[PDB]
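**Q** Sending over a structure as structure tokens; questions will come in a sec.
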Amino acid sequence: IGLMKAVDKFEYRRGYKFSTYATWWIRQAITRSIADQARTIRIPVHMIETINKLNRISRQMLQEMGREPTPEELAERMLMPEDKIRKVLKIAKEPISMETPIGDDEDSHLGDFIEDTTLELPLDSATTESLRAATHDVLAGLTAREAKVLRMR
Amino acid sequence: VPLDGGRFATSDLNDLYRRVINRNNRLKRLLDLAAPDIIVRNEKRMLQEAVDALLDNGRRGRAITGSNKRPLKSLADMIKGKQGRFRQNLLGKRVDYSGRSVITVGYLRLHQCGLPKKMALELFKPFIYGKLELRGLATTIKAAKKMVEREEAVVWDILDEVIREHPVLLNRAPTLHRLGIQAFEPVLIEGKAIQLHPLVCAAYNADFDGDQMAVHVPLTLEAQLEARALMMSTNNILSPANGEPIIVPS
Amino acid sequence: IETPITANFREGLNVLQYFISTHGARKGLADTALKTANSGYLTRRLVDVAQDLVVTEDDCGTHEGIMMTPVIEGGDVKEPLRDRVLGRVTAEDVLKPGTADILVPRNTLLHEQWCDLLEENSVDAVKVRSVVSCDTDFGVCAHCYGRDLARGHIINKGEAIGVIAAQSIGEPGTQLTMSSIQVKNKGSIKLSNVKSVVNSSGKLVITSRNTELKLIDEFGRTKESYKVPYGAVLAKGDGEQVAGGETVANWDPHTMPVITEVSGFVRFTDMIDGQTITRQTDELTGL
Amino acid sequence: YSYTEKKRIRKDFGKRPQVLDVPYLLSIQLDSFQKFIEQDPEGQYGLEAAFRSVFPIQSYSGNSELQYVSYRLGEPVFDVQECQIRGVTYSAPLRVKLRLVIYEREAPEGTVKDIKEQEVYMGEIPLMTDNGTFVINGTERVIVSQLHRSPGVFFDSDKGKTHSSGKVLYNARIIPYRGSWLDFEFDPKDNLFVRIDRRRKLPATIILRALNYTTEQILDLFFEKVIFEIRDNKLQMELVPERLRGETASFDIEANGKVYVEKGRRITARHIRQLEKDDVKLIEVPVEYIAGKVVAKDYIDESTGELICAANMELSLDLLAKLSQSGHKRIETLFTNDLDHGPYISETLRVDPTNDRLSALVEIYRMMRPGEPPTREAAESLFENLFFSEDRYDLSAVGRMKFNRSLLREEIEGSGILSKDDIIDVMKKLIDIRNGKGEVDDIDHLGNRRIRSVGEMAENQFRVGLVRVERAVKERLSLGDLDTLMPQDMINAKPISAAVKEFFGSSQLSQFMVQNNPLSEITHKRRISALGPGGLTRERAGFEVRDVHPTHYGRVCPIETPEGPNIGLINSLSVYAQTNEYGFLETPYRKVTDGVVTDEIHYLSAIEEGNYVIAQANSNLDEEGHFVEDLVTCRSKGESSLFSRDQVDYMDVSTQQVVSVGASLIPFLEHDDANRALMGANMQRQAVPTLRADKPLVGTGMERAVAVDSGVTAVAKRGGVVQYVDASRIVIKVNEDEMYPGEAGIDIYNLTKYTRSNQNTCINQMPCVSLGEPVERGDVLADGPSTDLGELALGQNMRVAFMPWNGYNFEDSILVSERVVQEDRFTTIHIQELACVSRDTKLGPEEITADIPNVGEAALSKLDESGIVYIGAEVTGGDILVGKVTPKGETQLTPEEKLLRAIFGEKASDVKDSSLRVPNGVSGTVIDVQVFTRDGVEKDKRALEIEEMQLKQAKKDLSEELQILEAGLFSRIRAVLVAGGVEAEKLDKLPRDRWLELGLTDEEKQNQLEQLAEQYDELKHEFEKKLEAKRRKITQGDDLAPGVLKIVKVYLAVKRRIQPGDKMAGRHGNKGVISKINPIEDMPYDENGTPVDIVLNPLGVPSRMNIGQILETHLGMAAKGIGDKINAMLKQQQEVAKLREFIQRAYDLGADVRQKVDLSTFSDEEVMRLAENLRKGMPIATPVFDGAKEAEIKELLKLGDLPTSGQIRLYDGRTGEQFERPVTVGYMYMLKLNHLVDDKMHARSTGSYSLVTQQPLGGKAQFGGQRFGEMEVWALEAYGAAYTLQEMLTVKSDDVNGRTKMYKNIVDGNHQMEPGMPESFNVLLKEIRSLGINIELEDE
């Protein structure tokens, strides 16, 4: 798709060979697809450019120091403060899988251990229909117009 | 879903639906630019590979692996095989109101078993809440949750009235024949091991060298009568394979 | 191995006597671990075949099925009639060797008391209602199945007998991976489906494949059964009463003879040397 | 005798002498990693061999190259204990010096243009500790050795692959270390085939034409020529007489004047004998002997120039004289026999579709890369890159020595690349096996299988990472700049470090070390697994690779393996087995020359063993003459027989060399069945260490070598005298002759206190020397967890009766007494770890506080002001350890709960309880708290109290380094000024610091005094340069996970006693569970009143056939009657001379027992310390196949005044009646296994459910329900129980709206189920509908 754009923009009066100009468009269309696609949770191209900037500079800190750079000391080479460097390091994860075999034999996957932390507990379900019946008894013992506004308010 | 430490954990189908969509939106971009018919042929041949790998992964060519070099689990792999829906979640299931422990020998009668008290309090837990509310010993259900967890003196006198005449199923795996799961009336013991009768050990093929057995509580009123009239330990003294007795002293 | 382990576990083995014993103690231990998978797959296959077989009737009203008989072949009795027939249902009106004594209204449950009534007389062949011959569409009836073995009466309706069948065949599956004919007892000689010819000496010889030796005692049942080939030599005849301890039949275990029924002369005809036959003589004898 | 042995000498019952002592047991782990890590010039090993196999590398164009110089390992930034605490890998950095040489493509060889030479850091390799483990992410791991197939050539066959014939098909096979495979094979038409990498088969001549061999050269390499001559009228051939061996005469053969064999007759061996004695080589042969022959050359006519017959063509009669009409009196054909010289090559050339070289190279391209059209230069480079390139093929000279020694060559060294002399010599040797000479191999032979340990598998994984350098360097020297690029710029560190990091932690052979014993650690390191990458599979292994081959003798134990699906694939190294330089296992043997058994020891491998003939270790020896029998039982050629006295070449070194280390610890092994010895050796590695260690009374002699070599004790490096013993520190003053002349000579040992193991057990070292006693080199100073004075003590030994007691020991149950529980014999300590981590949350940071909402003030009575439990608190289940809260969102009130808040007034704030509580069922005691904190985050008041307590210890534990250093060096300071003059009242009574200003002399004693001043300048500056390095290792912030603010780790310490249900076992494969804990007065007692501790069933002994436990019981009672006669003579205070008589009498009782211990040498102080250790019983060493006989046991029972039958009269404890028959009573050594009933018991009513399927979870850690599988459904259908089955499929498991109704119906008292459709069924309906298949329910 980038090559078909380079054919449209090419001029033969400039006096350069075609492979000098078309290489810029193919390298633009390929790297834009790795930044848009190739990720589950899509990161915009300005943050991918900052994440890749951290991975070329942390290799330079592995050259000189011989150790992994601390985010307190990695923040000097980037001209960025400690909060944004530590926040760019929050996005470092990829989704793992649910079918990854965390047992050494082929019986258990990671999806068999993840709990549905959504619905309700049957003690919390039975303590509500007990509370709905206590209010129907207490309000029935009050005067009917105090008990009417107490159900409406 | 998000995991604990700021990560996420996804299905393998989301990766298989993304390359169906990405290779389908890109085909609509080649039919607008009037691409030459080698680029459009390769894109239709790439959409065929993406739709086939979603329905059945390792069938038409090489299987599309993820980033782990193991292949992506497709839609047919969720139905087919030993770890599919038909054999792991429909014909067998994980089951509530159940536990397991190490078995040891019993003084018991033929229709009895020894169930530990720390084990029988957790299995019969909503049966106690229905009698701590009925006897006026707790004014609400969340006050009976406090008394049971405290193990007060009235809890062990209501557990002894719940368990009376309430049979329970004892299961030893592998269940090679039908006598591998029978019903017993519990006798509460203060320990951590289930006490079995010595004459039912031939049917379970059970010896006390470290074996374990599972307990299952019958809940409704028709499951408590099948456990007494069909699966009780005195009902089964003959064998169903041949007519010979199965309670021979060993 | 050529030498035995001449030591026991009280005197203690040797080093070479112990290294030999771990050849066959791991050969049997890797057998027990690798055959419970082969039997758990056979039991899963047997459940599927017999899945939906449920007793859904009481009496399908069909005619006869399997004829029962002892398993006396080869040697002694292994299943008598009291082991194969106890619990079944009689298919037709069966009677005694002393004829015209019907015991049944054409179908009864043949329990232990009727088994002793068959023990008394010389009857050793009954026809029972089998399950393959049941005429019910989508299930069997309780009469073609017979006695429920785990209880001891006639089976009820709605009892899943196909799951009981699969779990009873697959349960021992993890356990069991590992000339001359002499008469032994005083009994008669009877040959059935017979074809024979009085031989050159004064005895009988057999000239058919479908004939087998039957041993009848003084009552009327068969106790022993032997197979005898085509062209064998019998030392006695038929219709006789000869006691045991006699090698009554004999043949060559190499030779399969072509013995002839007809008494007559034999000439050479339609066998020309170099075309169908050859000339080979025994130079030691000449004959 | 060493000092560790003189306290308690174990009585030996062995008869044979021991010529070779047991080697260092962990030698396959330490000696294999040292090759990977040390520097070697030319005998290439490890990292240096891999750096030369990648570097140097020149560029794509050819103008630059990198050059390797050397490498060096920096020191690790933490020790071993600082890595187990933070949870980081103990590793050292690798720094490699490289050089970049750049050429110029204008000059021809302008070599010196650019040279940059510097040091580059590429990854960190994990170091092996002192005992052979690896600290990977704070956990000790062991990398297991792998028994794989050795490279080289290998010939085999199949029996019954083609069933319609029943023939045998032979196959040849070349296996490299790295590269493609290459199989040759036969088929039922006797043609030769070739498949590369198990692809489709091609005819085998299609690779010979690819090697540029014409049909004239293919026919010459495999066939011999039958030459024909014509003497102008008739045909004559030069005949070899040994050609017609058993072949029918086609014509009537003759001689020069005599007739030999008539037509249709076998040419007998007499006629083979006849023809050399007339010596006739030319025979007149007719024309009908030629019709059917095959021409061997290309035959033309030189007059016109057209061919008469091509090579490999069937000659006829009209072609015969046409060759003679062409001017040929010399015709050569092919010798072809049906029996011994088969035409397998020539019948394969008919099926070959190719004819030349370039047509043959295409036919390999259409198999290797199918679908892609081939060219000339693409097909040429593919065949070269398969086997003939250094970079993509390696035979790896282990595989070149075995390639040459299978083709009967002479060379050992060579090259890792096939040649035309290697390929054709494989096809020739396979043809000989088809002809009849030679035979096929077996894979299961131990000369064909090879062991590959840690230093080799880490070296194969370092070449994999270095290939990623060869991509990025060759893609930088063409692209990147030239006059600026340094080697640190181009070299990455991430792919090379992540190939090694993915091996130590993710491999199938890098697994958690079993750490509940000293024996479990020592047998997990000496493990030989056939699994892993490049090995077998538990499913895809047959019966043949799981068996005991006879080459296993002395190399792999036959009774040390699991009994599940891993039965033949996980093996264990023997006691004396070693490794070759190539990896093949070897075994010591004593040389036997001329009858005299020499004491020089040779290590023979598996191939070399089968040549000789080797005697047994049980053979009697007539005092260095020869053996006592004429027919000594031996084993030659792989099978046992009887041989003469001068026919014997070697002898076995020991009687234990066949068994492993764990299987050599069982006494009376030869009386046990081999089924129960496999089970007893497996349970011995699961014994939990107890509260007090108890030696075994009946041992085997090999307990002292397991405990010292496991490294779990603290042996002495140098000899000397103990100076100060604590419960945590041993300070030994070194002897003067062992002191090197620079240092103060004080060795200081710090013992590891109560520490968690891998299996959550206790590690605790206790000192076993007292104040002021001499210690030799190798003596034991501190016992480990399960050692006792340096002897391995896995369990306790208690009084066992063999009788049935009222059904409480029915079928493998064990009846234990109350006195065993009161004495805390099997009480074990378990340590646990509970982590509470507070992370960044987008709603706000979580905080560790004590102010917890909606909880009492008694729940806060254990926490401090910061919210962490006190060190020393005694917690119970449910109690709060670390108080933590998270900020909430906004809660959605119900209509009724909106009124309850609006009546009483309690508002719910932005605080939600998620504090770490004690897991239920555990009642422990907090012994440690560790707090980690991210850098910049403010520490709480307890995180400042912990790091202040660590800092005072790093000032105090560093003070005693320097203070006891100058304990012997303060005398050096003063007395040198007192040397050479007396100032005995002018120096001492003054203050101590003013001692350098004394009476002054000439120039000599001030040159000494500056050394006394340089002593102070050295000693002052040496304490500060290391003090700040620890002060910045304590107050430093930590390398925590992303988002994690602080972690609190709380260590509990539980104390578990025995219980009905706890599994106990012995050494002879007799396991069991405790069924009852009986009181003392109910146990059976003898006539003296001493009750029995454990009652065991006697019906488990005969059917299982382990008679070790009957003989171990009778010897334990014989060894207790000696400790009871010593304990009598010690309480009665007789004399030290009468105790000298009895202990000497009990030490020489056998016939020809090997040891001689003499108490005339021992002093009365040494005797009374030995007799104090022998008052509990005399320990006795019964070796493996050299044990004590029943006459020697019954003589030891007479010495203690006990019945020789071993059976005493027992009385009933409850009725007082005497038992009718006497009962076997003795002392069996019982273990407590790691299968406790506290860990097994589980129950659940309602809990958490799964996400997709909405069924309950699985496991005790998830509070999960039991699995009601397929087999338990079929049993509910065979019963007829239909309502029991419906409730387990819907309301127990998966029906969401119907399982919350069943819960309320039970609280209401209405046992009624209202079921619905399960949630797993309509998850299935959405999946088949997502496959384009319309599945629906056809409703009413």
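Chains as they are written, first to last, in the deposited numbering: chain A, 410 to 562; chain B, 253 to 358, 360 to 503; chain C, 755 to 932, 948 to 1056; chain D, 3 to 1342. Ideal Cβ positions, reconstructed from N, Cα and C, are used throughout, including at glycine.
1) Roughly how many angstroms lie between the CA atoms of D:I850 and A:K496, to the nearest whole one?
2) Expressed to the nearest angstrom, what Euclidean distance is found between the alpha-carbon atoms of A:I439 and A:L412?
3) For A:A535, would you say it is in contact with chain B, using Cβ-to-Cβ distances shorter than 7 angstroms as the test?
4) Is there a C-beta anywhere in chain D that falls below 7 angstroms from the one on C:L767?
5) Can you check which of these residues, D:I59, D:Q41, D:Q60, is closest to D:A51 by C-alpha distance?
6) For C:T1024, would you say it is in contact with chain D, using Cβ-to-Cβ distances shorter than 7 angstroms as the test?
7) With a threshold of 6 angstroms on Cβ separation, who are the neighbours of D:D427 within its own chain once the five nearest residues in sequence on each side are excluded?
8) Can you pull the DSSP bridge partners for C:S961?
9) Below 8 angstroms on the Cβ atoms is my contact criterion, and I expect B:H469 with B:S350 to pass it. Report the Cβ-Cβ distance as a whole number of Å.
10) What are the complete alpha helix (DSSP H) segments, minimum 4 residues, inside the region 648-672 of chain D?
11) Is the CB-CB distance between D:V733 and D:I750 below 7 angstroms?
12) Count the CB pairs spanning the region 794-802 of chain D and the region 1228-1246 of chain D that are closer than 8 angstroms, and state whether there are at least three.
13) Quick one: which chain B residues come within Cβ less than 9 angstroms of D:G1266?
14) Can you confirm whether C:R780, when its beta carbon is compared against all beta carbons of chain D, has any partner nearer than 7 angstroms?
15) Please report the residue range of the beta strand (DSSP E) in which D:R801 lies.
16) Might you give, ordered along the chain, the residues of its own chain that have their beta carbon closer than 7 angstroms to the beta carbon of D:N762, omitting 5 neighbours on each side?
17) Measuring CA to CA, which of C:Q929, C:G971, C:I950, C:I975 is closest to B:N458?
18) Please return the same chain residues whose Cβ sits closer than 8 angstroms to the Cβ of C:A879, not counting the five positions on each side in sequence.
19) Note down, in chain order, every chain B residue with its Cβ under 8 angstroms from the Cβ of D:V1275.
20) Do we get a CB-CB distance below 7 angstroms when we pair C:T1050 with the residues of chain D?
21) Which full runs of the alpha helix (DSSP H) of 4+ residues lie inside the region 941-1024 of chain D, going along the chain?
22) Between which two residues does the alpha helix (DSSP H) holding D:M1273 run?
23) Any beta-carbon of chain B closer than 7 angstroms to the one on D:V469?
24) Run through DSSP, which three-state label would A:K462 get?
25) Only counting the same chain, and skipping five residues up and downstream in sequence, which positions put a Cβ closer than 8 angstroms to that of D:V823?
26) Shortest alpha-carbon distance to D:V1052 belongs to which of D:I873, D:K958, D:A986?
27) Report yes or no: do three or more beta-carbon pairs, one from the region 464-481 of chain A and one from the region 516-533 of chain A, lie closer than 8 angstroms?
**A** Checking against the coordinates, here is how it stands:
1) 23 angstroms
2) 11 angstroms
3) yes
4) yes
5) D:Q41
6) no
7) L409
8) C:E981
9) 5 angstroms
10) none
11) yes
12) yes
13) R346
14) yes
15) 798-804
16) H832, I833, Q834
17) C:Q929
18) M821, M822, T823
19) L343, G344
20) no
21) 943-958, 961-965, 972-980
22) 1272-1281
23) no
24) helix
25) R1059, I1060, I1079
26) D:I873
27) no
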